[PDB]
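# Structural description and commentary
Residue strings, one per chain:
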6 protein chains.
Amino acid sequence: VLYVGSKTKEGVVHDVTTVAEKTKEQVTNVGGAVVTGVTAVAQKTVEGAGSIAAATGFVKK
Amino acid sequence: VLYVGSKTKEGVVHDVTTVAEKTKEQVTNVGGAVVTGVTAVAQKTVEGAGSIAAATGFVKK
Amino acid sequence: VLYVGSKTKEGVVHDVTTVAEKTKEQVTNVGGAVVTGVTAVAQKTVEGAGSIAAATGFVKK
Amino acid sequence: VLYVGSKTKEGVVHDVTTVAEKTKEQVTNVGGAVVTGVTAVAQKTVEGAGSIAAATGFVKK
Amino acid sequence: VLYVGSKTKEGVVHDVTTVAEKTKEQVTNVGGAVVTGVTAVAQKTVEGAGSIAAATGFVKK
Amino acid sequence: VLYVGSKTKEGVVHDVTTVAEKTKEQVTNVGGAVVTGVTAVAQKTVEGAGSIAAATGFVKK
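Residues numbered from 1 in each chain as written, not as in the entry; some residues may be left out. Chains lettered and ligands numbered in written order. Heavy atoms only, no water.

Method of determination, as annotated in the archive: cryo-EM, at 3.43 Å resolution.

## Quick notes on unusual backbone geometry
As a reminder, the rule being used: Secondary structure elements follow DSSP: runs of H or I of four or more residues count as helices, runs of E of two or more count as strands, with numbering from the N terminus.
A positive phi angle, close to 55°, is found at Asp15 of chain A, a residue other than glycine. You can see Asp15 of chain A is positioned in strand 2 (residues 9–16).

## Points about the pattern of salt bridges
As a reminder of what qualifies: Each salt bridge in this description consists of a side-chain nitrogen of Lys or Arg and a carboxyl oxygen of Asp or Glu lying within 4 Å of one another. Classification of residues uses two cut-offs on accessible area relative to the type maximum, computed with a 1.4 Å probe and protein chains only: under 20% is buried, over 50% is exposed, and between them is partly exposed.
Using the criterion set out here, one finds 20 salt bridges over all chains in the structure. Between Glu10 of chain A and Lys44 of chain A there is a salt bridge, and its shortest N-O distance comes to 2.6 Å. Within this pair, whereas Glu10 of chain A is found in strand 2, its partner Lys44 of chain A is found in strand 5 (residues 41–45), the two being separated by 34 residues in sequence. One salt bridge connects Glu21 of chain C with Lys22 of chain E, and the closest N-O pair in it is separated by 2.9 Å. In this pair, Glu21 of chain C is assigned in strand 3 (residues 19–21) and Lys22 of chain E in the loop between strand 3 (19–21) and strand 4 (25–35), connecting two distinct chains. Judged by its relative accessible area of 22%, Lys22 of chain E is partly exposed. Through salt bridges with shared partners, one network takes in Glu10 and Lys44 of chain A, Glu10 and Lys44 of chain B together with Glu10 and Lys44 of chain C.

## Some details on the interface of chain A and chain B
The following threshold applies: Contact between two residues is taken to exist if any of their heavy atoms lie within 4.5 Å; hydrogens are not considered. Two parts placed together each lose some accessible area; with a 1.4 Å probe, that loss summed over both constitutes the buried area. In this count, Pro and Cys sit with the nonpolar residues alongside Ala, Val, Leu, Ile, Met, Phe, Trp and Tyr, while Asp, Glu, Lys and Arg are called charged and the others, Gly among them, polar.
Across the boundary between the two partners, chain A contributes 61 residues, which contact 61 residues of chain B. Buried area between chain A and chain B, both sides added, is near 4500 Å², and the carbon and sulfur share of it is 48%. Applying the counting rule to chain A against chain B returns one salt bridge. Of the residues forming the side of chain A that touches chain B, the biggest block, 11 residues, is contributed by strand 4 (residues 25–35) of chain A. Its residues placed into classes, the side of chain A that touches chain B shows 26 nonpolar, 23 polar and 12 charged.

## Examining the interface of chain E and chain F
Counted only if it meets this: Contacts described as polar in this section are N or O atom pairs within 3.5 Å, which, within protein, must combine one atom able to donate a hydrogen with one able to accept it, while residues neighboring in sequence count only if both atoms come from side chains.
Facing 61 residues of chain E, the contacting portion of chain F comprises 61 residues. The contact between chain E and chain F buries some 4600 Å² in all, and 48% of this surface belongs to carbon and sulfur atoms. Together, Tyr3, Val38 and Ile52 of chain E form the three largest contributors to the area buried by chain E at its contact with chain F, with a combined 10%. The tally of links from chain E across to chain F stands at one salt bridge. Here chain E and chain F share 56 residue pairs in polar contact between them.

## A few points about the packing of aromatic side chains
Short version of the rule: To pair, rings of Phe, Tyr and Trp, with the six-membered ring standing in for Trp, must have centres within 6.5 Å; the planes then decide the type, stacked if under 30 degrees apart, edge-to-face if over 60, and tilted in the middle.
Under the definition given, this model contains eight aromatic pairs over all chains. Pairing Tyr3 of chain A with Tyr3 of chain B gives two aromatic rings, centres 4.8 Å apart and planes at 0°, and the pair type is stacked. Of the two residues, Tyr3 of chain A sits in strand 1 (residues 2–6) while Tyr3 of chain B sits in strand 1 (residues 2–6), which places them in two different chains. Given a relative accessible area of 5%, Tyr3 of chain A falls into the buried group.

## Quick notes on the sheet that holds strand 3 (residues 19–21) of chain A
Within a sheet, adjacent strands bond to each other through the backbone by hydrogen bonds, running parallel or antiparallel. Stated formally: Strands pair, by our definition, only if DSSP identifies at least two bridges between them. Inter-axis angles, ranging from 0 to 180 degrees, are taken between N-to-C directions of lines fitted to C-alpha atoms, where helices are fitted over the stretch in contact.
Spatial strand order, 3(B)-3(A)-3(C): three strands in an open sheet with parallel pairing. Edge positions in the sheet fall to strand 3 (19–21) of chain B together with strand 3 of chain C, since each has one partner strand and no second. Averaged over all neighbouring strand pairs, the angle between strand axes comes to 0°, with direction disregarded.

## Remarks on the side chain of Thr8 of chain D
With respect to the helices and strands, the residue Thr8 of chain D is situated in the loop between strand 1 (2–6) and strand 2 (9–16). Among the polar contacts made by the side chain of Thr8 of chain D, one reaches the side chain of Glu10 of chain D at a distance of 3.1 Å. Here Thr8 of chain D is in contact with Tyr3 of chain D together with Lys7, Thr8 and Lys9 of chain E, once residues within four sequence places are set aside.

## Focus: the nonpolar core
The test is simple: We define a nonpolar core as any set of buried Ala, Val, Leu, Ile, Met, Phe, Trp, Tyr and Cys residues linked to one another through side-chain atoms lying within 4.5 Å.
Membership of the largest hydrophobic core is limited to nine residues, which are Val13, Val38, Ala40 and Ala42 of chain D together with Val13, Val16, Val38, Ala40 and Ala42 of chain E. Aside from chain neighbours lying at most four places away, what touches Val13 of chain D is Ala40, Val41 and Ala42 of chain D together with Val12, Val13 and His14 of chain E.

## Some details on the sheet that holds strand 2 (residues 9–16) of chain C
Ordered by their spatial adjacency, three strands build an open sheet running 2(B)-2(A)-2(C), and the pairing between neighbours is parallel. Since the sheet does not close on itself, it has two edges, and those belong to strand 2 (9–16) of chain B together with strand 2 of chain C, each with one partner. Direction aside, the axes of adjacent strands within the sheet are offset by 0° on average. Where strand 2 of chain A and strand 2 of chain B come together, six bridges link them in parallel fashion. Bridged to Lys9 of chain A within strand 2 of chain B is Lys9 of chain B.

## Points about the environment of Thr39 of chain B
Summarising the element assignment, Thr39 of chain B is placed in the loop between strand 4 (25–35) and strand 5 (41–45). In this structure, the C-alpha to C-alpha distance between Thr39 of chain B and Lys9 of chain B, residues 30 residues apart in sequence, is 20 Å. Filtering out sequence-adjacent residues up to four positions away, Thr39 of chain B remains in contact with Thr39 and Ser51 of chain A together with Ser51 of chain B. A distance of 3.5 Å separates a polar side-chain atom of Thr39 of chain B from the backbone oxygen of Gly37 of chain B.

Here it is in C-alpha cells:
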C-alpha cells in the first residue's frame, strides 16, 4: 500500500445540507418511539453497524 | 496497491441536499415507531449493515 | 503502508449544514422516546456501532 | 334622522388580512412607477376620490 | 340628528393585518418612484381625496 | 345634533397590525423616490387630502 501523489477520500460524508421550516410532528400514544433528524455517519473499516434506530413498543388501552 | 497520480473517492456520500417545508407528521397509536429524516452513511469496508431501522410493536385495545 | 505526497481523508464528516425554523414537535403519551437532531459520527476503525438510538416502551391506560 | 337602538356601520373597512411571502418585484427602466401594497380607505361622505394612484412616464433610450 | 342608544361607526378602518416575509423589491432605473406598504385612511366628511400616490418620471439614456 | 347614550367612532383607525421579516428593498438609480411603511391617517372633517406620496424624477445617463 503506497501513494505517491493522490487525494484519496475513504469513508467520507461531506456537503450535506438540510432545510426544514414550518414543519410539524406529533407522536401521541406510542410505546417506544425514535424520532431523528440528520444522521451522518462515516467510517473506513467496520465490524458492526453504521447507524441503528430500533424501537420496541406496546400499547394496551 | 499503489497510486502515482489519482483522485480516488472510495465510499463517499456528498452533495446531499434536502428541503422540507410546511410538512406534517402524526403517529398516534403505535407500539414501536421509528421516524427518521436524512440518514447519510458511508464506509469503505464493512462486515455488518450500513443503516438499520427496525421496529416491533403491539396494539391491544 | 506509506504516503510520499498525499491528502488522505479517512473517516471524515465535514461540511454538514442544517437550518430549522418555526418547527414544532410534540410527544405526548410515550413510554420511552428518543428525539435527536444532527448527529455526526466519524471513526476510522470500528468494532461496535457508530450511532445507536434505541427506545423500548409501554403504555397501559 | 334618529336611532333608538342600533348598530350602524357607515363607511367601514375592517377585517382585512394579507399574507405575502417569498415574493419578488422588479421595476427596472420606468419613467414613473407607483407600487403599493394594502390600501384601505373608508369615508362616510365624499366629494372627490377615495384612492388615486396615477403615474405618467417617458422612456427615450 | 339624534341617537338614543347606538353604536355608530362612521368612517372607521380597523382590524387590518399584514404579514410579509422573505420578500424582495428592486427599482433600478426609475425617474420617479413611489413604493408604499400599508396605507389606512379613514375620514367622516371629505372635500378632496383620501390617498394620493402620484409619480411622474423621465428616463433618457 | 345630540346623543343621549352612544358610542360613536367618527374617523377612527385602530387595530392595525403589521409584521415584516427578512425583507429586502433596493432603489438604485432613481431621480426621486418615496418609500413608506405603515401610514395610518384618520380625520373627521377634511378640506384637502388625507395622505399624499408624490415623486417627480429624471434619469439622464
